[PDB]
Amino acid sequence: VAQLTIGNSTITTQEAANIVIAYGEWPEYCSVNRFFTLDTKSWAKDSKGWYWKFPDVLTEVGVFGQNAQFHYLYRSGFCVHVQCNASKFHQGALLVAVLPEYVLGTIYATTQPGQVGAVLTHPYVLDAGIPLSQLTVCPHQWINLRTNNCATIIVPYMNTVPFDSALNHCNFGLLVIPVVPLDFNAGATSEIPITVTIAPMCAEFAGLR
Amino acid sequence: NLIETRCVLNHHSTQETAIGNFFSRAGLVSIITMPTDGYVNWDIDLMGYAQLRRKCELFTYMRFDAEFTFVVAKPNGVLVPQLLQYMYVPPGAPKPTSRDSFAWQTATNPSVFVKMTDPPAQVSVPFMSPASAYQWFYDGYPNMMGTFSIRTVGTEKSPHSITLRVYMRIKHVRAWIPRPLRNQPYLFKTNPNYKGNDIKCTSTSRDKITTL
Amino acid sequence: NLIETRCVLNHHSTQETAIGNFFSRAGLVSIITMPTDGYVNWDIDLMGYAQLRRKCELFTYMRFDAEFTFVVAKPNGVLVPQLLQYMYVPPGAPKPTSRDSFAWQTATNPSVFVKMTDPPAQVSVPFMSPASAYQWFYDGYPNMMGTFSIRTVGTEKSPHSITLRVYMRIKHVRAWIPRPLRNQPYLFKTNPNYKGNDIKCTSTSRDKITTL
Amino acid sequence: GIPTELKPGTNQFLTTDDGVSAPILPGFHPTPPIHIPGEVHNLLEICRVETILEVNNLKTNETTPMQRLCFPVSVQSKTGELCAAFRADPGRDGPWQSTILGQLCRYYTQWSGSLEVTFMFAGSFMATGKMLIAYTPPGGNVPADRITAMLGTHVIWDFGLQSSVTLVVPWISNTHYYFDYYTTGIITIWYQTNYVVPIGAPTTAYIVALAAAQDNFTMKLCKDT
Amino acid sequence: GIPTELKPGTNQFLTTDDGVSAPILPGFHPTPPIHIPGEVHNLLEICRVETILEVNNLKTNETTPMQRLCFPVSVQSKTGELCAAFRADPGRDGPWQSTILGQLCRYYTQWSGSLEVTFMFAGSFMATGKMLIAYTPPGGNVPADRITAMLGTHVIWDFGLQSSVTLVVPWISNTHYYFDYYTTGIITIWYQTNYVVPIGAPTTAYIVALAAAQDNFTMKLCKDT
Amino acid sequence: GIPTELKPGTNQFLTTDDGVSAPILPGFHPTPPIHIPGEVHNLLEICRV
């Protein structure tokens, strides 16, 4: 169990050499770098899934939120960390994957949910017409409550242009879907928390205020 | 239908699954009829047919040239000595609004002048995007390649019915960032909307999990 | 109409604004009709159309070759087995006065004999000036490139209507001494006369100097 | 005046002719490419990732389709009995249609190579037991009970120690024509022991099945579906 | 008897085909060129000269169009107030149509690069004062008063010392399609101080605005206007 | 613009012409051959039994 410290933000995460780098590329260049810890989501027995859009999740949070609203161009990688807190008497399995240019479909507030994130209505088709069974062709990681309670993906910058605006285009989406549903016996803690921690890597801004 | 016989034992070449050979052949993209206004506008679309829309949406970014062929005849086979014009309007240029517009003699819109008794015309269109790749999926809020305008050359209407079909080959293909394949029926050509009332399961079913 | 999105960041090649690429493509310069005298004379003019007159008058001296193409058909598309003759009369040579003049068999006027069912004829004309460059602006008191004479071959009149259009490309371009671009409507093809009763302002107006 | 002849085959349009044609814009310089991560040079790089098998493709799961991705183990089922059975058919219908391997095989005619099937236990940490992952070669018969499935090719996966196991199918082959000339095996899951669970932990668990291709998997003769 | 075939694309006339055709006069030797001064090899050499902006393009100046080339400063206008405002749009309508840069951009589709705007005071020698030449980046809002325009990018041009100042726009860009994808800034002229003038010298003066492109300005995809 | 002429004998189909024609499947790689015993290279090897 190590204790990471970047900036004035400290998290305690066990040292585990099973990170996944998206497509084998590290985020590089062409005080915003710290650990942003989002609000915590409650995993219940009948939950369906959650998603967050990037960099829409950090447009109103911190100095990253005001640097996006003032500067014109924007480019960064990310380091997403999703962890779970459950006992040895709970069971379930999550699939944590990123998906570049994740465009949703009607059967806006749903497309840009913000810091909280939105919930999936039909998680079998990912609310986009593509099946959940082939989501693992994306950079993914399994959270199996039997064995591990942690997942971390390093995402570089993926775009057709070297710089882009941060207030309309959303680069990718982070999907957390309970493939195997949560189960326990009566008397245990009914809702299990899921915590997302984001840290920007190699962030650049080129447009004036 | 299942036959136990004839197992092959040698591995094949990996060049059948290269990204060039997956899109290598030319397929029909449009059928344009002009019966007896006098002009047709067809802006270039790849997502018009359900085939090759599911094949291009396997990836997120694609970058390629194009090669168009114009097989033109009468509505039943016939070929008459008629002169035709295929004008290519680039992205950002105005389209013709009528049969005798001034855009038909605009020098910066390149035209092809063929006869109907000729072999079909062939035209190569380069990579026309201001970005570095085309993208079928854009998450933000606001892929044009041009327009083909087709008419019969003259100042008075011709006494013939024209029916041409356009074949397109895709050259020098590069693809990025694979993606799950669409398993729901398409609704519109712009957005990935699906019918949420009924969801088709990806696999067909069986009676029991043990009955193989 | 104004959208804030999609700034491009890479510079482009400077070869799009070279003086060869500014005039590189072929455009229509004349449409010649010959309904059922029997001959048409068209002396070569670049200032006939308002486009490419404003583009050649950006400079003072220009020096180039030419390449003419003769797309010929019936008034509505059709093509009949008809033999045609395109005679090029050089500067300083007499023109034909009728359909059976002796200048049609003059050996020093080069002719092209095509059929209407052929691909269009192509002819390259060199730099024909006694000076070292053409000049669109001459301040003194007294640019000919020739004449194209077009007829149907025969001793009796043909029972067909001929309509051809001439396309011209400009090759090996050199330009000298740039000049302001014309912002007034043209009146005549010879002199830069403008309508002095009403003068069009170069820019369109706004309400106040502060209301952007 | 070079003397040439025209052979049979002029003025024809062959739709798979690989020729060089005239550019519509010769003076146009297109946008130079930049480095975008995740370039795919071959379709076999997408066939070598694990994707979820839909083994639980029953007719009663069609209204709740999220249950098709996990099949249960339980405490009231006796030892020595069968849990699941499915044949290893990527191109054919059934459980392999939900994989990315079974969808790229619909774009081709023949394929041959080896696969690997990965299982993953998703029960509580306090539970333990044993399963038998048997594989029958093609041409053989499905096993009737656990004692004859043991004599073939099998692994003994106890999930009190390992949360995941991998079984490798050695060779499959297809030559499609309607009918197909298809040599495929059968994978069966047998209860070696019962499901052992203490007080407070749940009595029903689930297994997810993942499937991919190997490095010697190839396919040929592209075909439209 | 060399065996040849005819591909699709014979007997077609492509208007941008760059071929070699037969000369109409093979025995003709044209006039050899001499040295004429002022040769233009590229159209970007004409885009890099200062030309007069028509900032004073009001509706009342249409009858006397010579007043559109100069906008006034005066003595009765208070300090801290706005004098002129215009956005930096070469291709679009407005003040940039009178420049040679805004007319050569009508012959193309996309362009990107930096500009430079030059101002020039044309008042009497005995007059003095200060102006504030502010520039807003694209996407930002126009300043409401002089104190917020000072916090951006600005120069302080006092015309008692320098008769001319130069402001550089760092980047503009267009991709025309109707609508255009257009990232442009806004230039505003603020009265820093009032107009100081002695007895005998005139109370109203004028400024001329000049504009050109930089060395990194390019454009592409030639288009007819 | 290479000046060529067409001799007598164009657009004819001679049934014993040994030419090279366009492949219907350019991207197709056929099955490589193996060693089968009993190869006949000439018909006179069957006349000598």
# chains A, B, ... in the order shown; residues from 1 in each chain; ligands from 1
call {"tool": "residues_around", "arguments": {"residues": "residue 195 (chain B)", "least_positions_apart": "2", "cutoff": "12 Å", "atoms": "only C-alpha atoms", "output": "JSON, numbers by chain"}}
result
{"A": [105, 106, 107, 122, 125, 127, 128, 129], "B": [183, 184, 185, 186, 187, 188, 192, 193, 197, 198, 199, 200]}
call {"tool": "write_last_selection", "arguments": {"atoms": "N, CA, C and O atoms", "output": "PDB file, in the first residue's frame"}}
result
ATOM      1  N   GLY A 105     -27.554   7.679 -28.633  1.00  0.00           N
ATOM      2  CA  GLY A 105     -28.694   7.710 -29.523  1.00  0.00           C
ATOM      3  C   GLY A 105     -30.021   7.830 -28.808  1.00  0.00           C
ATOM      4  O   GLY A 105     -30.225   7.220 -27.755  1.00  0.00           O
ATOM      5  N   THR A 106     -30.931   8.619 -29.369  1.00  0.00           N
ATOM      6  CA  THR A 106     -32.287   8.693 -28.846  1.00  0.00           C
ATOM      7  C   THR A 106     -33.055   7.444 -29.271  1.00  0.00           C
ATOM      8  O   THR A 106     -32.825   6.900 -30.355  1.00  0.00           O
ATOM      9  N   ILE A 107     -33.948   6.974 -28.402  1.00  0.00           N
ATOM     10  CA  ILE A 107     -34.722   5.761 -28.651  1.00  0.00           C
ATOM     11  C   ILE A 107     -35.702   5.949 -29.805  1.00  0.00           C
ATOM     12  O   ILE A 107     -36.086   7.070 -30.133  1.00  0.00           O
ATOM     13  N   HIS A 122     -30.493   1.418 -21.548  1.00  0.00           N
ATOM     14  CA  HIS A 122     -30.371   0.101 -22.168  1.00  0.00           C
ATOM     15  C   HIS A 122     -28.889  -0.231 -22.251  1.00  0.00           C
ATOM     16  O   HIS A 122     -28.232   0.076 -23.256  1.00  0.00           O
ATOM     17  N   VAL A 125     -27.191  -2.507 -25.305  1.00  0.00           N
ATOM     18  CA  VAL A 125     -26.800  -1.892 -26.563  1.00  0.00           C
ATOM     19  C   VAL A 125     -25.993  -0.622 -26.348  1.00  0.00           C
ATOM     20  O   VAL A 125     -25.821   0.156 -27.285  1.00  0.00           O
ATOM     21  N   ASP A 127     -26.623   2.145 -25.153  1.00  0.00           N
ATOM     22  CA  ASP A 127     -27.389   3.326 -25.579  1.00  0.00           C
ATOM     23  C   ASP A 127     -26.861   3.931 -26.881  1.00  0.00           C
ATOM     24  O   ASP A 127     -26.994   5.130 -27.121  1.00  0.00           O
ATOM     25  N   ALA A 128     -26.255   3.104 -27.734  1.00  0.00           N
ATOM     26  CA  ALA A 128     -25.744   3.564 -29.014  1.00  0.00           C
ATOM     27  C   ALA A 128     -25.923   2.558 -30.139  1.00  0.00           C
ATOM     28  O   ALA A 128     -25.445   2.815 -31.246  1.00  0.00           O
ATOM     29  N   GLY A 129     -26.576   1.425 -29.898  1.00  0.00           N
ATOM     30  CA  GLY A 129     -26.785   0.432 -30.928  1.00  0.00           C
ATOM     31  C   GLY A 129     -25.658  -0.555 -31.123  1.00  0.00           C
ATOM     32  O   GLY A 129     -25.721  -1.357 -32.060  1.00  0.00           O
TER      33      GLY A 129
ATOM     34  N   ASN B 183     -25.328  -3.924 -34.445  1.00  0.00           N
ATOM     35  CA  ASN B 183     -26.191  -5.098 -34.386  1.00  0.00           C
ATOM     36  C   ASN B 183     -27.667  -4.730 -34.307  1.00  0.00           C
ATOM     37  O   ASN B 183     -28.506  -5.597 -34.051  1.00  0.00           O
ATOM     38  N   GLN B 184     -28.002  -3.465 -34.521  1.00  0.00           N
ATOM     39  CA  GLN B 184     -29.372  -2.986 -34.525  1.00  0.00           C
ATOM     40  C   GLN B 184     -29.686  -2.389 -35.888  1.00  0.00           C
ATOM     41  O   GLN B 184     -28.777  -1.921 -36.581  1.00  0.00           O
ATOM     42  N   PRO B 185     -30.949  -2.420 -36.318  1.00  0.00           N
ATOM     43  CA  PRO B 185     -31.288  -1.841 -37.624  1.00  0.00           C
ATOM     44  C   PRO B 185     -31.164  -0.326 -37.623  1.00  0.00           C
ATOM     45  O   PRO B 185     -31.502   0.344 -36.645  1.00  0.00           O
ATOM     46  N   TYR B 186     -30.664   0.207 -38.735  1.00  0.00           N
ATOM     47  CA  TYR B 186     -30.469   1.642 -38.884  1.00  0.00           C
ATOM     48  C   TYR B 186     -31.812   2.347 -39.009  1.00  0.00           C
ATOM     49  O   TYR B 186     -32.785   1.764 -39.493  1.00  0.00           O
ATOM     50  N   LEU B 187     -31.864   3.601 -38.569  1.00  0.00           N
ATOM     51  CA  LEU B 187     -33.067   4.411 -38.701  1.00  0.00           C
ATOM     52  C   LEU B 187     -32.857   5.623 -39.599  1.00  0.00           C
ATOM     53  O   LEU B 187     -33.622   5.837 -40.541  1.00  0.00           O
ATOM     54  N   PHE B 188     -31.829   6.420 -39.326  1.00  0.00           N
ATOM     55  CA  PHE B 188     -31.513   7.588 -40.131  1.00  0.00           C
ATOM     56  C   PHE B 188     -30.070   7.502 -40.599  1.00  0.00           C
ATOM     57  O   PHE B 188     -29.296   6.683 -40.097  1.00  0.00           O
ATOM     58  N   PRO B 192     -26.721   7.658 -34.952  1.00  0.00           N
ATOM     59  CA  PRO B 192     -26.913   6.227 -34.642  1.00  0.00           C
ATOM     60  C   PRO B 192     -28.128   5.974 -33.754  1.00  0.00           C
ATOM     61  O   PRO B 192     -28.038   5.430 -32.649  1.00  0.00           O
ATOM     62  N   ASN B 193     -29.297   6.373 -34.235  1.00  0.00           N
ATOM     63  CA  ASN B 193     -30.534   6.122 -33.518  1.00  0.00           C
ATOM     64  C   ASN B 193     -31.007   4.704 -33.787  1.00  0.00           C
ATOM     65  O   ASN B 193     -30.903   4.194 -34.904  1.00  0.00           O
ATOM     66  N   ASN B 197     -38.039   0.381 -28.683  1.00  0.00           N
ATOM     67  CA  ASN B 197     -39.191  -0.425 -28.298  1.00  0.00           C
ATOM     68  C   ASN B 197     -38.876  -1.912 -28.332  1.00  0.00           C
ATOM     69  O   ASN B 197     -39.254  -2.642 -27.411  1.00  0.00           O
ATOM     70  N   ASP B 198     -38.204  -2.375 -29.384  1.00  0.00           N
ATOM     71  CA  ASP B 198     -37.783  -3.763 -29.495  1.00  0.00           C
ATOM     72  C   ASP B 198     -36.283  -3.805 -29.734  1.00  0.00           C
ATOM     73  O   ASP B 198     -35.759  -3.058 -30.566  1.00  0.00           O
ATOM     74  N   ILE B 199     -35.591  -4.656 -28.987  1.00  0.00           N
ATOM     75  CA  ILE B 199     -34.147  -4.804 -29.088  1.00  0.00           C
ATOM     76  C   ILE B 199     -33.874  -6.203 -29.611  1.00  0.00           C
ATOM     77  O   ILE B 199     -34.346  -7.191 -29.036  1.00  0.00           O
ATOM     78  N   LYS B 200     -33.144  -6.287 -30.717  1.00  0.00           N
ATOM     79  CA  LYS B 200     -32.776  -7.577 -31.272  1.00  0.00           C
ATOM     80  C   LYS B 200     -31.567  -8.119 -30.529  1.00  0.00           C
ATOM     81  O   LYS B 200     -30.550  -7.432 -30.399  1.00  0.00           O
TER      82      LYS B 200
END
call {"tool": "residues_around", "arguments": {"residues": "region 21-36 of chain F", "least_positions_apart": "3", "cutoff": "9 Å", "atoms": "only C-alpha atoms", "output": "VMD selection string"}}
result
(chain B and resid 10 12 to 13 15 to 16 21 24) or (chain D and resid 8 to 9 14 to 18 220 to 222) or (chain F and resid 39)
call {"tool": "interface_residues", "arguments": {"of": "chain A", "to": "chain B", "cutoff": "10 Å", "atoms": "only C-alpha atoms", "output": "PyMOL selection string"}}
result
chain A and resi 23+53+99-107+111-112+121-122+124-125+127-138+158-162+165-173
call {"tool": "select_by_dssp", "arguments": {"residues": "region 23-204 of chain A", "states": "alpha helix (DSSP H)", "output": "JSON, numbers by chain"}}
result
{"A": [62, 63, 64, 65, 66, 67, 68, 69, 70]}
call {"tool": "residues_around", "arguments": {"residues": "residue 28 (chain E)", "least_positions_apart": "2", "cutoff": "12 Å", "atoms": "only C-alpha atoms", "output": "list in words"}}
result
residues 90, 108, 125, 126, 127, 128 and 129 of chain C; 23, 24, 25, 26, 30 and 31 of chain E
call {"tool": "write_last_selection", "arguments": {"atoms": "C-alpha atoms", "output": "tab-separated table (two decimals), in the first residue's frame"}}
result
chain	number	residue	atom	x	y	z
C	90	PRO	CA	-3.00	33.44	-88.04
C	108	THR	CA	-0.80	28.38	-94.72
C	125	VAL	CA	-1.42	27.74	-80.15
C	126	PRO	CA	1.97	29.30	-79.29
C	127	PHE	CA	2.85	32.83	-78.17
C	128	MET	CA	1.85	34.89	-81.20
C	129	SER	CA	2.86	38.44	-80.34
E	23	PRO	CA	1.26	22.45	-81.87
E	24	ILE	CA	-0.68	24.36	-84.51
E	25	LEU	CA	2.54	25.95	-85.86
E	26	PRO	CA	5.64	23.75	-85.51
E	30	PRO	CA	8.16	32.92	-80.91
E	31	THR	CA	9.64	36.18	-79.69
call {"tool": "residues_around", "arguments": {"residues": "residue 135 (chain E)", "least_positions_apart": "6", "cutoff": "10 Å", "atoms": "only C-alpha atoms", "output": "list in words"}}
result
residues 85, 87, 88, 142, 143, 149, 150, 152, 153, 154, 155, 167, 168, 169, 185, 186, 187, 188 and 189 of chain E
call {"tool": "write_last_selection", "arguments": {"atoms": "N, CA and C atoms", "output": "PDB file, in the first residue's frame"}}
result
ATOM      1  N   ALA E  85     -14.509  50.021 -33.702  1.00  0.00           N
ATOM      2  CA  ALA E  85     -14.514  48.596 -33.421  1.00  0.00           C
ATOM      3  C   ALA E  85     -14.826  47.846 -34.702  1.00  0.00           C
ATOM      4  N   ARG E  87     -14.196  43.625 -36.500  1.00  0.00           N
ATOM      5  CA  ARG E  87     -13.650  42.282 -36.409  1.00  0.00           C
ATOM      6  C   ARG E  87     -12.733  42.005 -37.591  1.00  0.00           C
ATOM      7  N   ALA E  88     -11.771  41.116 -37.370  1.00  0.00           N
ATOM      8  CA  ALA E  88     -10.688  40.862 -38.316  1.00  0.00           C
ATOM      9  C   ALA E  88     -11.104  39.745 -39.269  1.00  0.00           C
ATOM     10  N   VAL E 142     -16.492  41.188 -26.612  1.00  0.00           N
ATOM     11  CA  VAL E 142     -15.990  42.550 -26.831  1.00  0.00           C
ATOM     12  C   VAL E 142     -15.907  43.272 -25.488  1.00  0.00           C
ATOM     13  N   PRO E 143     -14.879  44.084 -25.244  1.00  0.00           N
ATOM     14  CA  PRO E 143     -14.789  44.775 -23.954  1.00  0.00           C
ATOM     15  C   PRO E 143     -15.859  45.841 -23.801  1.00  0.00           C
ATOM     16  N   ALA E 149     -10.547  46.205 -21.391  1.00  0.00           N
ATOM     17  CA  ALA E 149      -9.744  46.085 -22.598  1.00  0.00           C
ATOM     18  C   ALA E 149      -8.257  46.175 -22.305  1.00  0.00           C
ATOM     19  N   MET E 150      -7.881  46.801 -21.190  1.00  0.00           N
ATOM     20  CA  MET E 150      -6.477  46.890 -20.812  1.00  0.00           C
ATOM     21  C   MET E 150      -5.934  45.542 -20.363  1.00  0.00           C
ATOM     22  N   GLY E 152      -6.486  42.623 -21.544  1.00  0.00           N
ATOM     23  CA  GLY E 152      -6.167  41.734 -22.640  1.00  0.00           C
ATOM     24  C   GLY E 152      -4.868  42.099 -23.324  1.00  0.00           C
ATOM     25  N   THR E 153      -4.802  41.900 -24.634  1.00  0.00           N
ATOM     26  CA  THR E 153      -3.636  42.266 -25.425  1.00  0.00           C
ATOM     27  C   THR E 153      -3.852  43.657 -25.996  1.00  0.00           C
ATOM     28  N   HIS E 154      -2.957  44.581 -25.662  1.00  0.00           N
ATOM     29  CA  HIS E 154      -3.172  45.968 -26.039  1.00  0.00           C
ATOM     30  C   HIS E 154      -1.835  46.671 -26.181  1.00  0.00           C
ATOM     31  N   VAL E 155      -1.821  47.722 -26.995  1.00  0.00           N
ATOM     32  CA  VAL E 155      -0.706  48.655 -27.041  1.00  0.00           C
ATOM     33  C   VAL E 155      -1.224  50.036 -26.659  1.00  0.00           C
ATOM     34  N   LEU E 167      -0.200  46.644 -34.866  1.00  0.00           N
ATOM     35  CA  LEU E 167      -0.759  45.583 -34.045  1.00  0.00           C
ATOM     36  C   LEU E 167      -0.816  44.312 -34.874  1.00  0.00           C
ATOM     37  N   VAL E 168      -0.390  43.199 -34.286  1.00  0.00           N
ATOM     38  CA  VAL E 168      -0.294  41.924 -34.985  1.00  0.00           C
ATOM     39  C   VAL E 168      -1.380  40.997 -34.458  1.00  0.00           C
ATOM     40  N   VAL E 169      -2.261  40.560 -35.344  1.00  0.00           N
ATOM     41  CA  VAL E 169      -3.207  39.494 -35.012  1.00  0.00           C
ATOM     42  C   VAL E 169      -2.479  38.157 -35.105  1.00  0.00           C
ATOM     43  N   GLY E 185     -10.854  37.502 -34.262  1.00  0.00           N
ATOM     44  CA  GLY E 185     -10.851  38.394 -33.127  1.00  0.00           C
ATOM     45  C   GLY E 185     -11.482  39.737 -33.441  1.00  0.00           C
ATOM     46  N   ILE E 186     -11.445  40.621 -32.446  1.00  0.00           N
ATOM     47  CA  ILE E 186     -12.062  41.941 -32.528  1.00  0.00           C
ATOM     48  C   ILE E 186     -11.030  42.980 -32.113  1.00  0.00           C
ATOM     49  N   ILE E 187     -10.849  44.011 -32.937  1.00  0.00           N
ATOM     50  CA  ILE E 187      -9.959  45.125 -32.635  1.00  0.00           C
ATOM     51  C   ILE E 187     -10.808  46.324 -32.239  1.00  0.00           C
ATOM     52  N   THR E 188     -10.466  46.947 -31.113  1.00  0.00           N
ATOM     53  CA  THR E 188     -11.175  48.115 -30.612  1.00  0.00           C
ATOM     54  C   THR E 188     -10.185  49.236 -30.341  1.00  0.00           C
ATOM     55  N   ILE E 189     -10.624  50.469 -30.569  1.00  0.00           N
ATOM     56  CA  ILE E 189      -9.795  51.653 -30.378  1.00  0.00           C
ATOM     57  C   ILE E 189     -10.421  52.481 -29.264  1.00  0.00           C
TER      58      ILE E 189
END
call {"tool": "interface_residues", "arguments": {"of": "chain C", "to": "chain B", "cutoff": "7 Å", "atoms": "only C-alpha atoms", "output": "list in words"}}
result
residues 25, 26, 27, 28, 75, 76, 77, 78 and 79 of chain C
call {"tool": "write_last_selection", "arguments": {"atoms": "N, CA and C atoms", "output": "short mmCIF file (atom, residue, chain, number, x, y, z; two decimals), in the first residue's frame"}}
result
data_model
loop_
_atom_site.label_atom_id
_atom_site.label_comp_id
_atom_site.auth_asym_id
_atom_site.auth_seq_id
_atom_site.Cartn_x
_atom_site.Cartn_y
_atom_site.Cartn_z
N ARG C 25 -6.55 25.71 -65.10
CA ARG C 25 -7.63 24.88 -65.61
C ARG C 25 -8.28 25.51 -66.83
N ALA C 26 -9.03 24.70 -67.57
CA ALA C 26 -9.63 25.11 -68.83
C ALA C 26 -11.08 25.53 -68.61
N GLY C 27 -11.45 26.68 -69.18
CA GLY C 27 -12.79 27.19 -69.03
C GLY C 27 -13.39 27.53 -70.38
N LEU C 28 -14.71 27.65 -70.39
CA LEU C 28 -15.43 27.93 -71.62
C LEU C 28 -15.25 29.39 -72.01
N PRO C 75 -27.86 20.80 -81.11
CA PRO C 75 -28.46 21.63 -80.06
C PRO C 75 -29.07 20.90 -78.87
N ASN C 76 -29.38 19.61 -79.00
CA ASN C 76 -29.73 18.79 -77.85
C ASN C 76 -28.95 17.48 -77.86
N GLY C 77 -27.69 17.53 -77.43
CA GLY C 77 -26.98 16.30 -77.15
C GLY C 77 -26.51 15.44 -78.32
N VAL C 78 -27.43 15.15 -79.23
CA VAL C 78 -27.18 14.26 -80.35
C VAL C 78 -25.86 14.41 -81.10
N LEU C 79 -25.44 13.33 -81.73
CA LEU C 79 -24.22 13.29 -82.51
C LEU C 79 -24.48 12.50 -83.78
#
call {"tool": "atom_distance", "arguments": {"atom1": "CA of residue 193 (chain A)", "atom2": "CA of residue 86 (chain A)"}}
result
7.8 Å
call {"tool": "residues_around", "arguments": {"residues": "residue 148 (chain B)", "least_positions_apart": "3", "cutoff": "12 Å", "atoms": "only C-alpha atoms", "output": "number ranges by chain"}}
result
B: 30, 32, 39-45, 68-70, 85-91, 93-96, 104, 109-112, 123, 125, 145, 151, 166; D: 24
call {"tool": "write_last_selection", "arguments": {"atoms": "C-alpha atoms", "output": "compact mmCIF listing (two decimals), in the first residue's frame"}}
result
# COMPACT_ATOMS: atom_id res chain seq x y z
CA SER B 30 -26.01 5.44 -56.40
CA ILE B 32 -29.43 8.23 -60.91
CA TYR B 39 -30.20 17.96 -64.20
CA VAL B 40 -29.47 15.84 -61.13
CA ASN B 41 -27.37 16.72 -58.08
CA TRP B 42 -25.82 13.83 -56.15
CA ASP B 43 -23.59 14.80 -53.25
CA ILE B 44 -21.12 12.09 -52.32
CA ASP B 45 -22.22 9.82 -49.46
CA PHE B 68 -15.63 6.96 -59.49
CA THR B 69 -16.99 5.24 -62.58
CA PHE B 70 -20.13 6.28 -64.44
CA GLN B 85 -21.43 16.26 -68.77
CA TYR B 86 -20.41 15.21 -65.25
CA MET B 87 -19.41 18.27 -63.21
CA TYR B 88 -17.71 17.78 -59.84
CA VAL B 89 -18.49 20.59 -57.39
CA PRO B 90 -15.77 20.73 -54.68
CA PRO B 91 -16.55 21.40 -50.99
CA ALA B 93 -18.46 25.81 -54.06
CA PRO B 94 -22.05 26.58 -55.11
CA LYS B 95 -24.22 23.99 -56.83
CA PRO B 96 -26.26 24.51 -60.02
CA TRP B 104 -22.21 24.99 -65.35
CA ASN B 109 -15.66 23.03 -61.20
CA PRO B 110 -13.97 20.33 -63.31
CA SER B 111 -16.20 18.62 -65.85
CA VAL B 112 -16.03 15.41 -67.87
CA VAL B 123 -12.34 10.01 -62.18
CA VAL B 125 -10.95 12.26 -56.21
CA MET B 145 -16.37 15.30 -50.20
CA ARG B 151 -26.85 16.92 -67.29
CA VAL B 166 -22.08 5.19 -60.04
CA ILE D 24 -9.80 15.37 -60.68
call {"tool": "closest_residue", "arguments": {"among": "C:1, C:210, C:17, C:98", "to": "chain D", "atoms": "only C-alpha atoms"}}
result
C:17
call {"tool": "closest_atom_pairs", "arguments": {"of": "chain F", "to": "chain D", "cutoff": "6 Å", "atoms": "only C-alpha atoms", "output": "JSON lines"}}
result
{"residue": "F:3", "atom": "CA", "partner": "D:1", "partner_atom": "CA", "distance": 5.5}
{"residue": "F:4", "atom": "CA", "partner": "D:1", "partner_atom": "CA", "distance": 4.5}
{"residue": "F:5", "atom": "CA", "partner": "D:1", "partner_atom": "CA", "distance": 5.2}
{"residue": "F:6", "atom": "CA", "partner": "D:4", "partner_atom": "CA", "distance": 5.4}
{"residue": "F:10", "atom": "CA", "partner": "D:6", "partner_atom": "CA", "distance": 4.7}
{"residue": "F:11", "atom": "CA", "partner": "D:6", "partner_atom": "CA", "distance": 5.3}
call {"tool": "interface_residues", "arguments": {"of": "chain E", "to": "chain C", "cutoff": "7 Å", "atoms": "only C-alpha atoms", "output": "PyMOL selection string"}}
result
chain E and resi 11+15-16+21-24+30-34+38-44+56-59+62+65+84-87+93-95+97-98+112+139+173+178-183+218-220
call {"tool": "atom_distance", "arguments": {"atom1": "CA of residue 198 (chain A)", "atom2": "CA of residue 61 (chain A)"}}
result
11.5 Å
call {"tool": "residues_around", "arguments": {"residues": "residue 145 (chain E)", "least_positions_apart": "5", "cutoff": "9 Å", "atoms": "only C-alpha atoms", "output": "PyMOL selection string"}}
result
chain E and resi 80-82+150+190
call {"tool": "atom_distance", "arguments": {"atom1": "CA of residue 197 (chain E)", "atom2": "CA of residue 77 (chain E)"}}
result
13.3 Å
